[PDB]
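Presented as structure tokens, the chain that follows is alone, the form deposited in one PDB entry.
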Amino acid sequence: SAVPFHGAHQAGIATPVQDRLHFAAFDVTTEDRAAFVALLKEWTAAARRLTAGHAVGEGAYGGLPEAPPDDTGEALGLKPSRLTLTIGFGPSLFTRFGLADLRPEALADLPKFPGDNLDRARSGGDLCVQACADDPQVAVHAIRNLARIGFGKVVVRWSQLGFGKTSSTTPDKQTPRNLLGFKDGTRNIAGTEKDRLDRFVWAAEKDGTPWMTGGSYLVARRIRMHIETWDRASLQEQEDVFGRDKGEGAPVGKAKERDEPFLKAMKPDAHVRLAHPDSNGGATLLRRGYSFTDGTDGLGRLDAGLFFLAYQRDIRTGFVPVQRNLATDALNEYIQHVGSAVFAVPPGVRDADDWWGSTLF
């Protein structure tokens, strides 16, 4: 029902994947380092309250009638709902407060990729807060109240709601399906694999940026799907695009979902074949994305897709090589990357006296 907030790492990376997401990117409006550190301490205090299911500050009610309540109160009577709050720092943060020389080399700018159609307004950001929870209202209340506490020092640049499984009805051992109808997450880094997390996910001291030890690097891509076009493709076209069948999710030529793929039996530009670590010099990612459906655009079409989130030890050796190899993905016919951001996710809050970003500031 709750996920511990303190740790060597921030929660919400290797911890069990919750049903819902509210991702927000913030821009910083203050030039004052001290004022920003002050806000980081205030946010951390609020995150401790929120992730334990408590109201922020002195509560949603019961205070002085002539003061506004410390907490906006729409999460009253709800449970912690496995809420995790994960903060990250964008490269543009490091142009402020004199931090230019503290930017990790692993926090690399993404190249432009063939087919990119990035909306400037829904890309970038000085920092982000990833709020995951099984109840969407818990997640929204967290973002709503952190933005309020930070008003004057940060504004919300863009925000994305997402959903995965609904746990109260779907088995825990069942792979969820993306909105193309295919199981998603079969061959992924699991939070139980401590050795693969150390190798592929967590920043280490010898990687070159000490304040980032125990952190990770996050890539966010908002990927629209062309739903109506996908849905007119033959069942055989859809399965050819991925290299797995739609019903079971088994790699072509095998019968069970978790059978290891034979890549030579897949089409040369199949998505699994091009994404697999064997085709990328061993490059392996922790995917932790969520589906989205925002409504319908001006042409009647479903505004829906995958809010892709990948964690890795170094952007230069994780996301970049794999996405580069997708240049000829048969999937590119049906998707468009329309938003993008990268963030350095600092190490965990170690105890009650620690705070978000203490190793950097």
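Just so we're on the same page, rigid core means the largest C-alpha set that superposes within 1.5 Å between forms. Residues that one form lacks are left out of the comparison. Residue indices: 1-based, along the sequence shown.
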Q. Which is higher in the entry, the mean Cα B factor of 223-231 or that of 82-90?
A. 223-231
Q. Of the two stretches 251-259 and 123-131, which shows the higher Cα B-factor on average in the entry?
A. 251-259
Q.
Between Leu299, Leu306, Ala47, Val322, which one tops the list for Cα B-factor in this entry?
A. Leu299
Q) From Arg157, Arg288, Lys165, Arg244, can you pick the one with the highest C-alpha B factor in the entry? A) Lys165
**Q.** Relative C-alpha B-factor of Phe5, binned into the chain's lowest, middle or highest third
**A.** middle
Q | Ranked against its chain, the third holding the CA B-factor of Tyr334 | A | middle
Q: Looking at the entry's B-factor column for C-alpha atoms only, identify whether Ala352 ranks in the lowest, middle or highest third of its chain.
A: highest
**Q.** Chain-relative CA temperature factor third for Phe151
**A.** highest
**Q.** Chain thirds of CA B-factor: placement of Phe36
**A.** middle
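Below, we refer to the form deposited in another entry, which is not included among the displayed structures.
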Q: Superpose on the rigid core, then report which one of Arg157, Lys165, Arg224, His276 has a CA displacement of at least 2 angstroms between this form and the one not shown.
A: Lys165
Q) Do the C-alpha atoms of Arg222 and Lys165 sit closer or farther apart in that other deposited form than they do here, given a shift of 3 Å or more? A) closer
Q: Report the direction of the Cα distance change between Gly77 and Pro171 in that other deposited form, compared with the displayed form, as closer or farther; the change is 3 Å or more.
A: farther
Q. Moving stretches between this form and the one not shown on a rigid-core fit: which runs of at least three residues all have C-alpha shifts of 2 Å or more?
A. 163-172
